[PDB]
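Listed next as structure tokens is one chain, alone, in the form deposited in one PDB entry.
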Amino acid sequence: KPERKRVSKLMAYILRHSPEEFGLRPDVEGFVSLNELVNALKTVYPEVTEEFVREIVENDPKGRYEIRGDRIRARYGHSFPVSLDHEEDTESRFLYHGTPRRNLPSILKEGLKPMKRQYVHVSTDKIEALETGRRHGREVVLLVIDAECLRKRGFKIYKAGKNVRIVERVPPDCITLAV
């Protein structure tokens, strides 16, 4: 059961960041072949099979991965451009983003920016926002974002996981509170 986390984490690396380092070239929507990914994962964990990966996909709590037939992709978090077809979140009134406090003086000046990824990632869920923010450092703040502000400015919000949402950027006057 903790072997699943090891393989799931390498999957995120390959599917979000450096497919080229395993000699994979994802298509425009971000998909690679399921056979490609197993063969790529095998040169680190040779025990890995297509069923193990399909178990990982179906089980994932956030919906990190997507399988269409024989192809697989990460649904968000990429650091190379992709063409995702997610649905627009038109109902959320508030969204959340956790980040180390040390980041706040720049965010207040520039808003949230995608940094190394393609999109800014926010959450419909306060706990998941705080938990991801905690990965970078121990002192985390919870940013509350007015979603309607973003829509009015043209930045549409898309449902990329269970609670994960993606936007181009969050201008600072759409951040209503930092907690």
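Note that residue numbering follows the sequence shown and begins at 1.
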property	result
Average Cα temperature factor in the PDB entry - higher stretch of 119-127, 49-57	49-57
Mean temperature factor over C-alpha atoms, higher-scoring stretch between 58-66 and 129-137	58-66
Out of 170, 166, 24, 11, residue topping the C-alpha B-factor column of the entry	24
Candidate residues 41, 147, 144, 112, the one whose C-alpha B factor the record puts highest	41
Modelled-residue ranking by C-alpha temperature factor, third containing residue 71	highest
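This next part talks about the form deposited in another entry, which is not shown.
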property	result
Residue pair residue 104, residue 55: same rigid group between this form and the one not shown	no
CA-CA separation of residue 95 and residue 29, closer or farther in the other form than in the form shown [shift of 3 angstroms or more]	closer
Distance direction in the other form for the C-alpha atoms of residue 145 and residue 77, relative to the displayed form (3 angstroms or more)	farther
